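*Asks:* Any chance you could fold what I've pasted below:
(15 chains, ligands or ions: 11)
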Amino acid sequence: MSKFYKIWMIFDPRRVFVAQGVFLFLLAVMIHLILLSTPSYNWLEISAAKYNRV
Amino acid sequence: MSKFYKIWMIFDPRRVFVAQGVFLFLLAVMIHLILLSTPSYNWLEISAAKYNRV
Amino acid sequence: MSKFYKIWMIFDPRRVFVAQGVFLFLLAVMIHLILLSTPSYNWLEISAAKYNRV
Amino acid sequence: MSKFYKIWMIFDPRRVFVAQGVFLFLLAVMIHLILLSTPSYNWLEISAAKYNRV
Amino acid sequence: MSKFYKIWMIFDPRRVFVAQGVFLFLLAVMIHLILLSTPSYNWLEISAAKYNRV
Amino acid sequence: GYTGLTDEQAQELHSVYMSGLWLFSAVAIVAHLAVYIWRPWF
Amino acid sequence: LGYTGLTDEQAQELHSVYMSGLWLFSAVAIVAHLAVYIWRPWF
Amino acid sequence: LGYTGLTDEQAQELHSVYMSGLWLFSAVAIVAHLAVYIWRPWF
Amino acid sequence: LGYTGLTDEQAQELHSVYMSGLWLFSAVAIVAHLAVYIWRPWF
Amino acid sequence: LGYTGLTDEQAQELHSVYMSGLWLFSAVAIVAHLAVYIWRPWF
Amino acid sequence: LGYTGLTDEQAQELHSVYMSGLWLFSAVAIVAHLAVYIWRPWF
Amino acid sequence: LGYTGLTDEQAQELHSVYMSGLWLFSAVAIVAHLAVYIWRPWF
Amino acid sequence: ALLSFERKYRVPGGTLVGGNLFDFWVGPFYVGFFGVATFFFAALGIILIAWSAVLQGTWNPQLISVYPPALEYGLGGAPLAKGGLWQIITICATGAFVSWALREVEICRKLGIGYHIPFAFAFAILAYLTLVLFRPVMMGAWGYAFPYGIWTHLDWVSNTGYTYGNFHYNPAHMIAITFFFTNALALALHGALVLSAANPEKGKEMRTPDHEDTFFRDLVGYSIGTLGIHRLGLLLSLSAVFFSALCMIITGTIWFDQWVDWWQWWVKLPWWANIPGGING
Amino acid sequence: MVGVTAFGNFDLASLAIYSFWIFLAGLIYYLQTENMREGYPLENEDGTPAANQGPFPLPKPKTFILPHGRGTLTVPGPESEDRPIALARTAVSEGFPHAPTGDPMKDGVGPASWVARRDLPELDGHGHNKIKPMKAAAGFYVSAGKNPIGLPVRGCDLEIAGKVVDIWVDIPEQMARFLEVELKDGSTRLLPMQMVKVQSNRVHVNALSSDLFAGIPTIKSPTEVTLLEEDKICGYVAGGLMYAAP
Amino acid sequence: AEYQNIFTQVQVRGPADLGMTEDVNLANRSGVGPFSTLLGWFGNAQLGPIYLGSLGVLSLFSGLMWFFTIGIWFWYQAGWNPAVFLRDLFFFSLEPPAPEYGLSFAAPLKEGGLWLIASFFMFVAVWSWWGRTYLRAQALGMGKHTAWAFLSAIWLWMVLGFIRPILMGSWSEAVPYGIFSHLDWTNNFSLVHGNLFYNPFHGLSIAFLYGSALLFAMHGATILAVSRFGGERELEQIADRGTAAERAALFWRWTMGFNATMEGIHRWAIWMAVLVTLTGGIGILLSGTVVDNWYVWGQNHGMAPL
Ligand code: BCL
Ligand SMILES: CC[C@H]1c2cc3[nH]c4c(c3C)C(=O)[C@H](C(=O)OC)c4c3nc(cc4[nH]c(cc(n2)[C@@H]1C)c(C(C)=O)c4C)[C@@H](C)[C@@H]3CCC(=O)OC/C=C(\C)CCC[C@H](C)CCC[C@H](C)CCCC(C)C
Ligand SMILES: COC(C)(C)C/C=C/C(C)=C/C=C/C(C)=C/C=C/C(C)=C/C=C/C=C(C)/C=C/C=C(\C)CC/C=C(\C)CCC=C(C)C
Ligand SMILES: COC(C)(C)C/C=C/C(C)=C/C=C/C(C)=C/C=C/C(C)=C/C=C/C=C(C)/C=C/C=C(\C)CC/C=C(\C)CCC=C(C)C
Ligand SMILES: COC(C)(C)C/C=C/C(C)=C/C=C/C(C)=C/C=C/C(C)=C/C=C/C=C(C)/C=C/C=C(\C)CC/C=C(\C)CCC=C(C)C
Ligand SMILES: COC(C)(C)C/C=C/C(C)=C/C=C/C(C)=C/C=C/C(C)=C/C=C/C=C(C)/C=C/C=C(\C)CC/C=C(\C)CCC=C(C)C
Ligand SMILES: COC(C)(C)C/C=C/C(C)=C/C=C/C(C)=C/C=C/C(C)=C/C=C/C=C(C)/C=C/C=C(\C)CC/C=C(\C)CCC=C(C)C
Ligand SMILES: COC(C)(C)C/C=C/C(C)=C/C=C/C(C)=C/C=C/C(C)=C/C=C\C=C(C)\C=C\C=C(/C)CC/C=C(\C)CCC=C(C)C
Ligand SMILES: CCCCCCCCCCCCO[C@@H]1O[C@H](CO)[C@@H](O[C@H]2O[C@H](CO)[C@@H](O)[C@H](O)[C@H]2O)[C@H](O)[C@H]1O
Ligand SMILES: CCCCCCCCCCCC[N+](C)(C)[O-]
Ligand SMILES: [Fe+3]
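*Replies:* Numbering: from 1, shown residues only, chains lettered A, B, ... in the order given. Ligands and ions are numbered 1, 2, ... in the order given. Here you go, the structure:
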């Protein structure tokens, strides 16, 4: 389990980082979108009602 | 039940790891999206009812 | 029956496993989705009725 | 009658084995879909009535 | 986290900087428009209500 | 000779092909017998 | 014959391991189906 | 055989690493399923 | 020796830099979840 | 490695400048967030 | 006559095997029709 | 580093002139924002 | 004012009418016998549209419309202020289009090339003649043709379409729309593929048609070829217009009701018309 | 934000429609100037540069590198019809036709024109010859259609002019390019496939008549055709529709 | 009769063209498939080989899941009857969630939940195919015009299904997965926004759909006309201008008064086609978000009498 470094002798580093970077951005946006969509976790609305702004 | 290591003498390691990685990503999201669709397992809505939120 | 090992001498092992892997997953996804559609076996809804989650 | 092996001196075994496998699975799913549609053999809905799950 | 300088021995500086510029600008414009939509954080409307400009 | 096999190669191959064929039909007969007991169609 | 280039000795090694995975796959399937039938039988 | 050129030394070393991650991934999934079952069972 | 023309010592160094950035990304994420969970738990 | 043509010193030279801009860009961002949270907190 | 590359011996044994299969298929057909006629006669 | 061919003397000379224009444009913007803010502040 | 290679191509001949009476170039344009006809018909029709504007009382170009004669006039003449001007402009437009197509034939003969271009333009003309002449003649009045306004000829399209419900359900409409979408998709692929070959990555040799086949075989597993793509582009557009004119020559002359009801012939086929379930059963 | 206008009726939809007019004007300028890389600057009827060059300025040169060490083409650049144009103007004024000073097909004018291209064969990506006779290309056969080999070749005068000897094929494209036709003189000429009509019992050439096949330009190698020879052959044959159908 | 070069009268077939390996990973490229005589009457006869790499696996498997998800919903909607499935194939539809849920993901699988699952598979499949379109050009050292032209069509695709429904605040604004279903959506989209004909960008988008049809008929007819001079090989005409390019240019010079080059006509072609979906995306994104009635907006902007 301490030989995972050998994955870099198989996959090209230039391709893994691009594949990983695209995936992490779209995963972060996807989860942030779900939280905003649900009114229970929409933090912009939570503060709006907490401080009686609208 | 031990000679399965020979499968890497037949199948390209690069293709196999990519197909397996694609499969798990698509499978994981589909199951997570199913649980959100079912109102009895939507963990965002479950906490809203429990903690008296929107 | 003991001579079934000659199928690989005819069919490419690489092509058979790809065709079989896509076959089984779509067969398994189809069968789960049929049980999910039928109210008598939708285990997500059966548990909800049992534990009064809806 | 005991001379049918000579069909394989006419037809490529690879195209027959592929065509037969496609044919049989398509035939089998078609019959299973005919039985699901007919309500007197819908074993999913037959079992619901027998154990009064609905 | 001291060897991160070696990422530039993998990725062309020209392509990285342009990609970040598009990403960083689009991200900021997205967040600014997301705030401008929400009436609670719309700083142009808040000033009007605070100073009674309508 | 269109497929390029010999005469004995076809004999060997067809022997296995029938071996699988009778295996498939044996399961099919058992499958059809089990259903007829459960719910006959005749 | 030998469309795939596998020798007779190599084909036996491939098929023997292939069946090992097949039987392992079905054994999980048999236990899975047995668990479901005890839980909610369909017959 | 000989479709990829990986030796037995390479195949054993590739399988050993891959199967190591399989149990690491399967263990995390098992804990997650056990955790969810305690919180909210589905059977 | 590989599929990508990377020596083992080169792979040893590259993986060490990668896992360093992965612990950093993971540790910051754990703080984010821990802060959000205390602020507003989802369980 | 070395797929870009930059030497070792050049990557050191480029990174030191890139990190300088990154901290300079982040320092303004933190003050920008600090001002906004004081004026109108979102938590 | 030609047109395919067969011979007198090749066509005769091709017909002998083919026609035997034709009677084998009709052997099943007669039995199936006879059982159906006993069950639900159409005449 | 020769992506464009500037010889580290043109780049210093070019960057000095660019920053001279950059500070001038920022200087006029600051005056304009200070004029608008005194006119009617947005905070 | 000639292209650097144009001197050896300006020779006398290949004129259907005349031969030297109207065999010259005015600037770059070739003035044939039908160039004189095209200019007269193009110019008269334009000034009539300008004149119809003053009768209408507007100068906004987007509001100018020439309406066909009302449905009460049937298939005869009309007053100029009502719909007579439309009939002159339609004649002028019909004369200008056919002269333009005929003038292109003289250019093809003088350059010694094939007549694919004038043939393809006649497909546009036949589609236009279907809407203003053939279809109104069948239906019985000139008032079914579209008016000559920038935004009012859209009102004719909208009003005619909704006479038969949603026009999407016209089966020949669906075929024609499919050809239009395929033609634009192939045009994007064809322009991009040739440009990428002529303009490679950077500091690279110009690619070859062997790279063009290889790119599309790598991508979608097939390549129609350099000759095939040009035959396809011509045939997709001619097919798109053919089924365009087909769908309107059958609307209001053979089919009169909602186009949605047409598709009930399939859903009411005798062998599955009564099977319960689904959307229609 | 429906109905929000910065001024008058200028809302976000007006900003979009007006921004497109500006973008389209810039695009039309770009697309037109990228099409002034051949045939410019404009000449007078005799060869001198014209006094009018048009609203659009010439673009800046671009270099095309050629795929097999064939050089660098820069456009727009110096241009010349590198050949003896044999024409005499029919009028002193401009805009009038130019009459040939002799036989038009041989002299290469009018619809029988040709361009002085590179006098080398066209090469595929492997560097070989793109066009070569079928008996030299290996493995090439007539997969479908009437094999037009051995059929007589009939001209536009309904007289036989020869019979087909071979087919020149495009190796990478895998399509027939020319028909090699042997004349009664014993020599061989190339006829482009687009100009022939292969019928069930003959090949009909509508362009040329019978007593013009001997005038088709010949090729300097029996198994190799160059761009200069292709342009002379194709230009000569297609020029017969006008100068050789009287 | 006269040969119009629309069908190949003679077909010639040789060794299978395996393509050129500029930087292509030759392992991923498959073997040459069959030869079609029917396709040979119109273009090339050779099918394959096809490059199926890493983005090919992701796109083909995601595209399979999108296609298979919609199919199973149609079998459910048919009551698992093969005849009813055949009968009502053009009437079945997978619909987005009801407008009561807004953009939330808490809709039941029968009320817009499977739509979200199928939509995710389509999102991955289409975007991965754009990456594959980009990477296939790069391995051959070619320009990226195909990738960026495809990005124009993806723009309208993302506006219809993702961007606008986010801006409108509900997934119910998006397009249902069906044959007659998405035609009804198109018809109803115009009626809700007041005669989409008066959208200036729908009008422009149509100008380039007709312009593409006009331009490909012109260009395709021009090349077949000068194909007798070796005009079909446009790539070698660019390198060394021949009599085909001069006659093609001089036809449109004498007809229209202006012409193009052999390379510049393909810049007209690519730019005319990308504006069909580039302009369409803006017009669709402006509908409801900025304008909720295009006939009334038109009346205030000329375009229509008061
Ligand atoms: C009554 C209905 C309305 C109307 C309502 C609409 C609506 C709504 C829309 C249009 C749109 C358009 N309309 Mg309209 N339209 C009307 C009248 C017309 C008339 C006419 C003569 O009356 C015409 C010619 C048009 C034509 C047009 C086009 C200009 C434009 C579509 C561009 C396009 O190609 O998108 C099609 C291309 C795409 C959608 C991109 C697809 C690319 C994706 C990424 C590929 C996915 C592939 C998929 C997964 C399948 C894979 C299969 C395997 C690979 C094999 N309309 C009337 C007035 N119209 C569209 C537009 O944008 O205009 C503003 C649009 O949304
Ligand atoms: C058939 C396939 C497609 C096609 C092909 C095609 N079009 C062609 C050609 C070809 C092959 C030409 O060779 C020819 C040409 O030279 O193009 C540059 C042409 C052409 N297609 C044109 C336009 C055009 N094509 C269209 C469509 C299509 N053309 C098809 C989709 C459309 C659409 C869909 O609206 C238009 C507008 C021109 C650019 C040109 C023909 C020019 C011409 O006819 O010149 C002589 C006439 C005039 C100068 C104008 C006369 C004006 C009238 C006297 C008055 C106005 C009448 C008009 C009906 C008013 C309209 C009012 C409102 C409806 C706006
Ligand atoms: C709709 O129906 C639903 C979806 C609800 C139900 C359907 C369910 C279905 C069909 C489920 C199917 C499930 C399946 C088939 C699951 C299979 C899962 C598997 C096989 C997971 C395997 C995971 C293995 C992993 C993650 C291994 C990872 C290994 C590494 C990360 C190490 C890699 C590093 C290496 C190899 C370096 C070595 C290199 C050298 C040179 C030694
Ligand atoms: C609509 O109708 C419904 C769907 C409801 C009903 C219809 C049902 C139907 C038609 C069902 C059809 C079912 C069928 C035909 C199922 C067939 C299933 C099979 C054949 C499953 C076989 C599985 C075998 C497996 C998973 C084996 C896996 C083995 C491995 C992973 C080991 C890998 C191989 C190695 C390591 C070989 C190594 C040796 C060398 C030399 C490399
Ligand atoms: C709906 O979803 C929302 C938007 C609400 C939530 C989603 C949030 C997400 C997904 C946020 C993602 C945020 C991310 C990924 C942030 C990452 C930010 C980073 C990495 C910023 C780094 C910035 C660094 C900069 C700007 C550095 C610039 C450097 C310079 C300006 C110096 C110039 C560099 C030179 C001169 C190097 C040249 C070479 C030599 C040799 C000198
Ligand atoms: C709508 O109208 C209705 C349906 C109501 C009524 C109309 C009915 C009509 C028109 C029915 C028409 C029926 C017809 C024409 C039936 C014909 C049936 C025949 C001739 C069937 C023949 C079958 C022959 C078979 C199955 C032969 C099989 C042969 C084999 C299995 C042997 C395999 C062959 C080998 C091994 C080749 C030997 C090779 C060598 C080298 C010796
Ligand atoms: C809706 O969202 C809102 C708008 C509310 C929020 C969005 C906020 C955003 C996107 C903010 C972004 C702001 C940014 C990034 C602003 C950047 C401003 C910059 C970089 C301004 C720079 C100005 C520099 C100038 C004007 C320099 C001019 C230089 C000259 C005029 C002199 C030219 C000198 C030369 C050519 C040097 C020649 C020397 C040699 C040796 C040849
Ligand atoms: C027997 O048949 C079988 C079962 C074997 C297979 C048959 C399959 C069949 C019958 C398939 C039928 C397919 C049809 C009719 C497809 C029609 C598709 C159409 C008309 C699509 C039209 C428009 C679709 C659009 C514009 C989709 C846009 C989607 C996006 C832009 C991305 C969507 C992503 C969203 C909404 C968010 C997803 C994100 C998360 C986190 C869930
Ligand atoms: C051609 C490309 C370049 C275009 C010109 C460059 C500037 C681009 C922005 C121009 C914006 C101004 O454009 C101008 O906007 C005002 C705003 O209501 C319009 O509106 C004005 O006339 C209209 C129509 O009679 C009235 O309904 C309206 O009450 C009146 O305010 C003008 O009709 C338009 O001409
Ligand atoms: C609609 C106009 C049709 C005109 C067709 C062109 C003329 C064809 C006849 C040209 C030759 C006539 N003539 C007398 C020289 O034989
Ligand atoms: Fe072209």
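*Asks:* And stretch O:289-304, what's buried?
*Replies:* Across stretch O:289-304, burial judged by 16 or more other CB atoms under 10 Å in any protein chain shown covers O:289, O:290, O:291, O:293, O:294, O:295, O:297, O:298, O:301, O:303, O:304. For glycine as for every other residue, the C-beta is placed from the backbone atoms N, C-alpha and C.
*Asks:* typed the wrong thing, it's stretch N:155-171
*Replies:* N:155, N:156, N:161, N:162, N:163, N:164, N:166, N:167, N:168, N:169, N:170, N:171.
*Asks:* Greatest separation within those: which pair is it?
*Replies:* Using CB to CB, the buried residues of stretch N:155-171 span at most 31.4 Å, a distance reached by N:156 and N:171.
*Asks:* The residue of the stretch 101-250 of chain O found nearest ligand 3: what's its closest spatial neighbour, skipping adjacent residues?
*Replies:* Per CB to the nearest ligand atom, the residue of the stretch 101-250 of chain O with the smallest distance to ligand 3 is residue O:117, at 8.7 Å. Among residues not flanking residue O:117 along the chain, residue B:33 sits closest, at 5.4 Å (CB to CB, 6 or more residues apart in numbering or on different chains).
*Asks:* Could you look up the SS state of the one you found?
*Replies:* Following DSSP: H, G, I helix; E, B strand; the rest coil, residue B:33 is assigned to helix.
*Asks:* And for the residue of the stretch 101-250 of chain O closest to ligand 3, the neighbour number?
*Replies:* 20 (other CB atoms under 10 Å in any protein chain shown).
*Asks:* what sits against it?
*Replies:* Residues in contact with residue O:117 (CB atoms under 8 Å, 6 or more residues apart in numbering or on different chains) are B:30, B:33, B:34, B:37, O:69, O:109.
*Asks:* Report whether the host helix or strand of it contacts ligand 1.
*Replies:* Element membership of residue O:117, judged by DSSP states H and E, is helix O:114-139. Yes. Contact between helix O:114-139 and ligand 1, assessed by CB under 6 Å from any ligand atom, occurs at residue O:126.
*Asks:* Ok, stretch M:144-151 next?
*Replies:* No. Stretch M:144-151 is not in contact with ligand 1 by CB under 6 Å from any ligand atom; minimum separation 11.1 Å.
*Asks:* ok, and does that stretch reach over to chain O?
*Replies:* Yes. Using CB under 8 Å from any CB of the partner chain, we find that stretch M:144-151 touches chain O at residue M:151.
*Asks:* Now the terminal residues of that stretch, how far apart.
*Replies:* 17 Å (CA to CA, to the nearest Å).
*Asks:* Next: stretch O:33-52.
*Replies:* Across stretch O:33-52, first to last residue, CA to CA, it's 14 Å.
*Asks:* Can you confirm whether that stretch lies near chain M?
*Replies:* Yes. Using CB under 8 Å from any CB, stretch O:33-52 reaches chain M at O:33, O:39, O:42, O:43, O:44, O:46, O:47, O:48, O:49, O:50, O:51.
*Asks:* Now, of the residues you listed, which are buried?
*Replies:* O:39, O:42, O:43, O:44, O:46, O:47, O:48, O:49, O:50, O:51.
*Asks:* So what sits opposite the fifth one in the bridge?
*Replies:* Read that as residue O:46. residue O:35 (DSSP bridges).
*Asks:* Was I right to think it contacts residue O:15?
*Replies:* No. Contact criterion CB atoms under 8 Å: residue O:46 and residue O:15 do not qualify, at 10.1 Å.
*Asks:* The closest residue to chain F within the stretch 101-250 of chain O - how many residues pack around it?
*Replies:* Residue nearest to chain F within the stretch 101-250 of chain O (CB to the nearest CB): residue O:110, separated by 29.6 Å. Neighbourhood size, residue O:110 [other CB under 10 Å]: 14.
*Asks:* what do you get for residue M:96?
*Replies:* 21.
*Asks:* do residue O:23 as well
*Replies:* 8.
*Asks:* mind putting the buried residues of stretch N:155-171 in TSV, distance to chain C and secondary structure included?
*Replies:* Listed next are the buried residues of stretch N:155-171 as TSV, based on distance: CB to the nearest CB, whole Å; DSSP: H, G, I helix; E, B strand; the rest coil:
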residue	distance to chain C	secondary structure
N:155	56	coil
N:156	56	coil
N:161	55	strand
N:162	52	strand
N:163	49	strand
N:164	44	strand
N:166	41	strand
N:167	38	strand
N:168	39	strand
N:169	34	strand
N:170	34	strand
N:171	31	coil
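*Asks:* I'd like those residues as CSV, with distance to ligand 3 appended.
*Replies:* As requested, the buried residues of stretch N:155-171 are exported to CSV (distance: CB to the nearest ligand atom, whole Å):
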residue, distance to ligand 3
N:155, 71
N:156, 71
N:161, 70
N:162, 67
N:163, 66
N:164, 61
N:166, 56
N:167, 53
N:168, 52
N:169, 48
N:170, 46
N:171, 42
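*Asks:* If we only consider those residues, which is nearest to residue N:13?
*Replies:* Of the buried residues of stretch N:155-171, the one sitting nearest to residue N:13 (CB to CB) turns out to be residue N:170, at 52.1 Å.
*Asks:* Quick check: bridge partners of that closest one?
*Replies:* Applying DSSP bridges, one finds that residue N:170 bridges with residue N:131, residue N:175.
*Asks:* Please report the distance of it from ligand 4.
*Replies:* Going from residue N:170 to ligand 4 by CB to the nearest ligand atom, to the nearest Å gives 44 Å.
*Asks:* List the residues that contact that residue.
*Replies:* N:130, N:131, N:176, N:177 are the contacts of residue N:170 under CB under 8 Å, 6+ apart.
*Asks:* residues in contact with the third one?
*Replies:* The contact partners of residue N:176, by CB under 8 Å, 6+ apart, come to N:167, N:168, N:169, N:170, N:193, O:8, O:10, O:11, O:12.
*Asks:* for those residues, which one is nearest residue K:2?
*Replies:* Nearest member of the contacts of residue N:176 to residue K:2, counting by CB to CB, is residue O:11, at 25.7 Å.
*Asks:* Quick check: the residue lying closest to that closest one once chain neighbours are set aside vs residue M:227, distance?
*Replies:* Leaving out its chain neighbours, the residue that sits closest to residue O:11 by CB to CB, 6+ apart is residue N:144, at 4.1 Å. According to CB to CB, to the nearest Å, residue N:144 and residue M:227 sit 16 Å apart.
*Asks:* For these two, indicate the residue with more neighbours.
*Replies:* Comparing residue N:144 with residue M:227 by other CB under 10 Å, the one with more neighbours is residue M:227, at 23 against 17.
*Asks:* Give the other helices and strands that the helix or strand containing that one contacts.
*Replies:* Applying DSSP H and E as the criterion places residue M:227 in helix M:226-249. For helix M:226-249, the elements it packs on are helix M:116-129, helix M:135-139, helix M:171-198, helix O:200-225, judged by 3 or more CB pairs under 8 Å, 6 or more residues apart in numbering or on different chains; DSSP states H and E.
*Asks:* change it to 10 Å
*Replies:* Under the contact criterion of 3 or more CB pairs under 10 Å, 6 or more residues apart in numbering or on different chains; DSSP states H and E, helix M:226-249 touches helix M:116-129, helix M:135-139, helix M:171-198, helix M:209-220, strand N:175-182, helix O:200-225, helix O:234-239.
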